[PDB]
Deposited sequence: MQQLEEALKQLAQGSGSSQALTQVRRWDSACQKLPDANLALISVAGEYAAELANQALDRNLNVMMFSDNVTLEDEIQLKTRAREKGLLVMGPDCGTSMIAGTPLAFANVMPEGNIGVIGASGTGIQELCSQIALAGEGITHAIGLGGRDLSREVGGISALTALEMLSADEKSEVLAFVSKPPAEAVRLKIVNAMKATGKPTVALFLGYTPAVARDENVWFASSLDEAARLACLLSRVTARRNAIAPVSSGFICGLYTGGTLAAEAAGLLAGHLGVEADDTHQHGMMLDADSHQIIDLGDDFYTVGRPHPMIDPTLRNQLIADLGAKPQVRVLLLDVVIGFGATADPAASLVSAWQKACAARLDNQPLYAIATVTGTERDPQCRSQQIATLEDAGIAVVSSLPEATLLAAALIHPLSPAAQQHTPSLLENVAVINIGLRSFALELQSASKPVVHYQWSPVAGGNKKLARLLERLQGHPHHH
């Protein structure tokens, strides 16, 4: 049974700890009700269109000095603490925090994330004009700071139309300040560089989602492992091309820059080695057919405590070992066996081959996983994870913890919130006096 009301105080008593005012009244009155909401120190989300820049700017600046959040006018979507606000979707729980100055942009970005197998913490709408040259991205900065302080939001994803020079610059620096892996989606804009410190740039919705999930998977694992002591990366590859791509990929992640003797990369003690090179094959069979060399080198890492991460490629199929996984496992266990607790050896592998190959992809992967080796589907993820693990680890907004809504405009919004069984009180509001049926009937008819 929806708790309707018709006076502010009546709504505030039916919901003492109300947190947000969702305004969907006629634009001409939205700003008014927003300030009345702030007078009661409530966060505001204006789904309402037809609101002037001046009022939006006034409301957002006022919300800043008060330490509140005003999801600017014409904000069609938001989902905070599992609470659907306006046009929202039921999302799987995850570690991705979404911020957007777009309606269906947020919706599609989120739909693609779920479709990609991950989930979100919150999806914060800002209002279509927040990033405008005149608004200055006030709400976008407040949103970033909030999620930045939300530990459950390990990865950040931002979506909006491309902002102007001064504004996008302010947004990026703010994104960098959070220190969290962040995907910045500037709709229909091919970015300068693909990555800038902790910021990854995308130009399309599903590209952005693909990236957000990848960062999500890498950060998730890195937090679970919780590396504490730094060290170096050692890549022992059996496939030349694979070694070369992993090398190029890792160099980019490290901001590091013709490769002699199979040494594909050697920077700051990190190494990516092609054991297939002639330099390692004198007097012995190719590593892809005989695992003896590589396995010994793996076992011997037990004597190189400075080596924190071991990168591996496992290539199956005809012409390869019968069951590489098993001997790989024993070999790396011997290594780990010889390490002190503060000198662990994390292993990361990618598997190249199919389910029907003799060795069987799924069985090989399971063997690796059961032993504790991290198996990822692609080199970009494998190397990104490796780079993340070498550097050890280094107050959540009350609005993100709980959301109590005083719904003012449309009743349907209050009703949909009822479905989610979220705390809501519906404040029936109208711009026409109670007895003026003529005008009430007219307004309805015209709309």
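Peer 1: List the gaps, meaning deposited-sequence segments with no CA coordinates, ordered along the sequence.
Peer 2: Deposited residues absent from the model fall in 1-19, 277-279, 417-421, 475-480.
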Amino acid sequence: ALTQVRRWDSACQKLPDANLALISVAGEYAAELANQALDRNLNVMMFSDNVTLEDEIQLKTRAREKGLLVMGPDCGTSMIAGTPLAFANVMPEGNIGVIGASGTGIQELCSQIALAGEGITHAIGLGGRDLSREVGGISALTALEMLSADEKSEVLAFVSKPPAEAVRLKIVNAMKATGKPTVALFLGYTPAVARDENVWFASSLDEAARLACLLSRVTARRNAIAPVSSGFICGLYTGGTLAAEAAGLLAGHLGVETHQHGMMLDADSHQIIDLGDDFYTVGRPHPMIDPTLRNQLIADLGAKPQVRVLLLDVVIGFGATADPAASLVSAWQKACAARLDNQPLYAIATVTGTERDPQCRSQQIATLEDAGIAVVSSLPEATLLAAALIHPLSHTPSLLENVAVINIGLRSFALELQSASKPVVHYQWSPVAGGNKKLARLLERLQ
From here on, numbers count along this sequence of modelled residues.
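Peer 1: Averaging C-alpha B-factors over each stretch, which comes out higher, 19-27 or 434-442?
Peer 2: Stretch with the higher mean C-alpha B-factor: 434-442.
Peer 1: Once you work out the mean C-alpha B-factor for both 186-194 and 119-127 from the entry, which is higher?
Peer 2: So the stretch with the higher mean C-alpha B-factor is 186-194.
Peer 1: Say you rank 70, 385, 399, 379 by Cα B-factor from the PDB entry; which sits at the top?
Peer 2: Of the options given, 399 has the highest CA B-factor in the PDB entry.
Peer 1: When the deposited Cα B-factors of this chain's modelled residues are ordered and cut into thirds, is residue 151 in the lowest, the middle or the highest one?
Peer 2: Ranked within chain, residue 151 CA B lands in the highest tercile.
Peer 1: By the record's CA B-factor, is residue 253 among the lowest, middle or highest third of residues in the chain?
Peer 2: It falls in the middle third of the chain.
Peer 1: Would you mind checking where the Cα B-factor of residue 132 ranks among the modelled residues of its chain, as the lowest, middle or highest third?
Peer 2: CA B-factor rank for residue 132: highest third.
Peer 1: Can you tell me which third, lowest, middle or highest, the CA B-factor of residue 202 falls into for its chain?
Peer 2: It falls in the middle third of the chain.
Peer 1: Thinking about Cα B factors across the chain, which third does residue 277 belong to?
Peer 2: Within its chain, residue 277 is a middle-third residue by C-alpha B-factor, going by the deposited values.
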